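>>> give me a 3D structure for the following:
(chains A and B)
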There are 2 protein chains.
Amino acid sequence: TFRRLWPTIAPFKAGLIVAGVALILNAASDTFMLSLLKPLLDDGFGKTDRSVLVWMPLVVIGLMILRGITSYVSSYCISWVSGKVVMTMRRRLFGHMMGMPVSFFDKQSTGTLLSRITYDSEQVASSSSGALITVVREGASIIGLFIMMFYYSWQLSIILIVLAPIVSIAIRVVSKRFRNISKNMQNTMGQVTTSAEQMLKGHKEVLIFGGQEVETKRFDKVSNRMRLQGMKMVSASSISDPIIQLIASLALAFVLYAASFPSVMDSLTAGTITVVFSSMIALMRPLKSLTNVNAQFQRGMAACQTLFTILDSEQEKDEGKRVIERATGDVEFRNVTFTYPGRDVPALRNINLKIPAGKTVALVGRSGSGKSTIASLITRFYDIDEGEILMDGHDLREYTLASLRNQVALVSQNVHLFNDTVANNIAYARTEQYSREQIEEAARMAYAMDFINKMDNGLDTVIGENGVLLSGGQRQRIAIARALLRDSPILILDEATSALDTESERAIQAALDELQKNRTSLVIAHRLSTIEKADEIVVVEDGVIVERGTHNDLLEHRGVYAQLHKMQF
Amino acid sequence: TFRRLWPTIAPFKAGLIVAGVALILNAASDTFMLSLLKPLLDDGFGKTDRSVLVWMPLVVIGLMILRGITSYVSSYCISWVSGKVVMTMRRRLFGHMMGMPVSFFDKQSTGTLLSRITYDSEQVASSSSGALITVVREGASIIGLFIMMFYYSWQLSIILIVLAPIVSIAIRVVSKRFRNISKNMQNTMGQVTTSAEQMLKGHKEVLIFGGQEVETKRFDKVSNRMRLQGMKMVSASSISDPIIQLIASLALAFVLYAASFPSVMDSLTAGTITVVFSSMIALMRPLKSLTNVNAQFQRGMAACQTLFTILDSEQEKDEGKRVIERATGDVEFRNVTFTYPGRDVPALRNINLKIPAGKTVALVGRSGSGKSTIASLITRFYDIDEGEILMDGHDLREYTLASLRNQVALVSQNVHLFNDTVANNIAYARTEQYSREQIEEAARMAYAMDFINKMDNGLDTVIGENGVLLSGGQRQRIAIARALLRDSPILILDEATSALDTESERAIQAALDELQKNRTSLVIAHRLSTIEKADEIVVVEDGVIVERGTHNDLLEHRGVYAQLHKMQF
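Residues are numbered from 1 along each chain as shown, chains lettered A, B, ... in the order given. Shown next is the protein structure:
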């Protein structure tokens, strides 16, 4: 169907070929083991030659060991191709899902985003190879059990294969008739049960009118009808299996009857009949399983078109060629409006903010609708709807995306830590650029050296989850170390502290003060300490900025900043 | 477990015995049908060419017509006892669920009460009788097939039965070892697959720091650790199934080897070996199903205690000693405190209302603070927690419930209409006492005759649900005739819905005006019309009445009623 997945398997087609050559072999070994019933019943028990019961245990063991060997080889050489194509699909989804915009990550899919690399990305192969196994095994077993029947007895096999369509259609017709009859009877039972429910509903009226004897008399007939319809349903459902079994036995009796005549048959001597009929019994499983090949292959290709919709999708629009090395200027918002994708209500209205060089601006206002939003826009996590965000006499869209992200340091208490050494986390994405001495210096001046020396191995301890666990404050200080080592000229201090641990703030505030040397920062104002010492204070109210003055003058005018002090104090 | 169910089955016990004699014959007709293989293969096919194969097709049909008759006589004669005990149980549940307090119906249970007489009352027989067509059906098949196996070459059945435990435990030990090994490899998969989650979570932090060629490298090694662990999980699960077949095939090799020696080989002839081996592989399905005979007999008996809880629950406390022919007096509330069973907050504080004879008190509260439940107490739908409701000078507790509820008519718009035609529906629970002439005048006196004459059959049209489906306006009118026909002294004129229309409001109000002639009534005053002529007015705030008196004297003082009167306006 959606066979753009075949090039993923083309580099490894030597496990599919081997698991077709050693699975056709498994089917042939099944049908050869089933062929032993004729030598057994003819030249073994039936005859006086005990030798056939001496080598037949050995052949049975040597064919079951061959079945096991070719069923483990057929499992390893498809679990190696259905494992490596899955590996390639997973690491190809984790090269397009790690570049595309945050909007897909925002609320389109959060928990299922890992499902689309764990469950669906393994289902695409556990169903496609599960269908290849079925088709190439039950197309070998079915051919083997056809060749066996037509080799031992074409006379009986022809009349046994002519009847199989006849028996199948007769059983299907009978089952359809009784399914329709049972469906009608179940509809009638549903109506009667609805009547019983309606009898039950009027309890408060039955009590007040005193109709307990009349209501139970009326239900003595409703329940009697429930019984007489239930036994009708059972009689119509349990008369189906006997009739279809009777039709199957009519066919079996006719096959036996055909064998009576000498012209048609009687070349069979007590092992040929047992092999043919045992194969026909064993021929039902590799038709019942074979019919589901297309259903399983389509169920394993819907879960590939899903992965292609995740993959063959919009990436991050890197429509930029201008390269900036250091934000030696001012990052300015000017009449820009933005709304979250997937929602219509503007989370951010027209904005006009100035971030002067060598100075910091505080995003005050605990409304919760406008503070976190503007923080994202500087790094182009969510692209603006229309307007302009300016960064050193340019626009963010103009600048290269890679050259923009490295200019900004998102400092927050809730900061991700990678499953790696802390020396790698502090120099994440820049391990080659920054030497160990630089990391030591950064941790020293970021006040994070106290925690790391306490750790077991020190700077090389695994810090992420599934390892050592560090409290919110340690994560904050590691973020300060990252930002200060990277020397990002722009800082977006979320300051989502949400706690005041003893001596944690005493070091965090000092580290932030040391960080904010001349680094122009758009601080999210959660702590009044930074608000008091701020070059400019700007507030947001449902995306609208109204009070923009400094912390002193904006206190005199009531507006929202004094009201924030009223709300804060 | 609970043979207190048995006395309901004991009267109808000669359908299980008939379905124990016509169901052993079903099993003895399958072990005889897996015995023609001896005359077929041994004497019929290999020994000669004809004769036996002309006699077989009749017996195969003759043992599949007798396997169908005794499979439908077995099913009908259990479905007659599996329906006649369910019917005899259902109407026993609908004689205790129609006499117990309304509290069980109100939020302690819901429409699942139907399931306690439709699903959980047929599951008691669909799984208890399903455990008697497995302990007798597949309990004479096992005895039938064991007699056949020992009748045919006993010296092989002992070898074949001694190897059934040894093969079974060895398959169980092998399946035990490779179920724990796969479990351990699945736990290891949980660690690495969780590590893949922690890569996706840091997408906001991945982009800003620029590390995506480094993060994809960290996933190239995590993809393997969940691929190679996926090859170990398939290599450890696909190696169990080969071995358990090889262990099973070490018995077939040994049984065939055992038959090689002279002692067993004497009559190990082909007919006396297919019937023994075809029976043993046909003996697994009886044994497998017989194990689920206490899992199904307790699934079908756990549901018996579910409805015996409903059956043996506490019925309505009919502490009745006093009987009143007619409530020719005054209903008087006096310091009545009551809470809904199931509501923590008390829904009614102290209440003291006297209803004079031939007077119409009104409960005008549109706040909805439990005005309706005040009327529930006069009918003893919910008993008073503390206090006393003096009806005709004595508390409701002494009066008989059958006698008390005959003196009250719950006139409302949500009245239930029973499935009976509308001549007993008007005279529900009293059709024997009242003749058609009274109903003719009663319906006429209530102005209901127009709707009834309009109907197809007139006074005997199926009126309830699944009948003609009258509207809400018509349903309320019949309650007026039903109350007017009975001429009960006390009325609860609910008047719940404020919806009104031309020739419906006047039509109802004219009927209510004609109804409320002496009829000392308590009106839930949602309609402003009755409030103006109401002799007394009471409004309930929280659980306690605040204003009590005539509507004129309560309008001048604003309080709650007058302000509520403005709210009504």
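>>> look at residue A:537 and give its secondary structure.
strand (DSSP: H, G, I helix; E, B strand; the rest coil).
>>> and it, what are its bridge partners?
Beta-bridge pairing for residue A:537 (DSSP bridges): residue A:362.
>>> list the contacts of it.
The contact partners of residue A:537, taken as C-beta atoms under 8 Å, 6 or more residues apart in numbering or on different chains, are A:361, A:362, A:364, A:525, A:531, A:547, A:548, A:549, A:550, A:551, A:554, A:561. All C-beta atoms are positioned from the backbone trio N, CA, C, and that covers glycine.
>>> so what's the residue count around the third one?
Residue neighbour count, defined by other C-beta atoms under 10 Å in any protein chain shown, stands at 28 for residue A:364.
>>> got it, and the one 3 residues further on?
Residue neighbour count, defined by other C-beta under 10 Å, stands at 15 for residue A:367.
>>> can you report phi and psi for the spatially closest residue to it that is not a sequence neighbour?
Closest residue in space to residue A:367, ignoring its immediate chain neighbours: residue A:541 at 6.0 Å, by C-beta to C-beta, 6 or more residues apart in numbering or on different chains. The phi and psi values for residue A:541, taken as degrees, to the nearest 10, are phi -130, psi 100.
>>> please spell out which residues along whichever strand or helix holds residue A:55 are buried.
For residue A:55, the element it lies in under DSSP states H and E is helix A:52-79. For helix A:52-79, the neighbour count (16 or more other C-beta atoms under 10 Å in any protein chain shown) marks A:52-53, A:56-57, A:59-61, A:63-64, A:66-68, A:70-79 as buried.
>>> circling back: name only those of the contacts of residue A:537 that count as buried.
A:361, A:362, A:364, A:525, A:531, A:547, A:548, A:549, A:551, A:554, A:561.
>>> check contacts around the fourth one.
Shown here is residue A:525, whose contacts under the criterion C-beta under 8 Å, 6+ apart are A:362, A:363, A:364, A:365, A:495, A:531, A:534, A:537.
>>> can you show me the strands along the stretch 351-500 of chain A?
Here the stretch 351-500 of chain A has its strands, by DSSP state E, counting those that start in this stretch, at A:361-364, A:386-391, A:408-411, A:490-493.
>>> name the next helix or strand downstream of the last one, please.
So that's strand A:490-493. Downstream of strand A:490-493 (by DSSP H and E), the next one is helix A:504-515.
>>> could you look up the SS state of residue A:521?
strand.
>>> nearest spatial neighbour of it, skipping sequence neighbours?
residue A:491 is the one closest to residue A:521 (C-beta to C-beta, 6+ apart), at 3.9 Å.
>>> bridged to that neighbour, which residues?
Applying DSSP bridges, one finds that residue A:491 bridges with residue A:409, residue A:521.
>>> any idea how far it is from chain B?
Relative to chain B, residue A:491 is positioned 11 Å away (criterion: C-beta to the nearest C-beta, to the nearest Å).
>>> isn't that residue up against residue A:515?
Yes. The pair residue A:491 / residue A:515 is scored as a contact, 7.0 Å apart, by C-beta atoms under 8 Å.
>>> nearest to chain B: which residue in the stretch 251-400 of chain A?
Here the stretch 251-400 of chain A gets closest to chain B at one residue, residue A:270, 3.1 Å apart by C-beta to the nearest C-beta.
>>> I figured that residue hits residue B:49, correct?
No. When contacts are counted by C-beta under 8 Å, residue A:270 is not listed as touching residue B:49 (11.5 Å).
>>> who has more neighbours, these two?
Ranked by neighbour count (other C-beta under 10 Å), residue A:270 and residue B:49 place residue A:270 first, with 23 against 18.
>>> which SS state does that one fall under?
coil.
>>> for it, which non-adjacent residue is spatially closest?
Distance criterion C-beta to C-beta, 6+ apart; nearest residue to residue A:270, sequence neighbours excluded, is residue B:46 at 3.1 Å.
>>> equivalent analysis for residue A:394, please.
In space, residue A:394 comes closest to residue A:322 once its chain neighbours are excluded; the distance is 6.1 Å by C-beta to C-beta, 6+ apart.
>>> burial count for that neighbour?
By other C-beta under 10 Å, neighbour count at residue A:322 equals 12.
>>> again with residue A:469
By other C-beta under 10 Å, neighbour count at residue A:469 equals 10.
>>> surely residue A:117 and residue B:196 touch.
Yes. Under the criterion of C-beta under 8 Å, residue A:117 makes contact with residue B:196 at 6.7 Å.
>>> who has more neighbours, those two?
residue A:117 (27 against 18).
>>> and that one, what is it in contact with?
A:90, A:93, A:94, A:97, B:196.
>>> kindly recompute the last result at 7 Å.
For residue A:117, the contact set (C-beta atoms under 7 Å, 6 or more residues apart in numbering or on different chains) comprises A:90, A:93, A:94, B:196.
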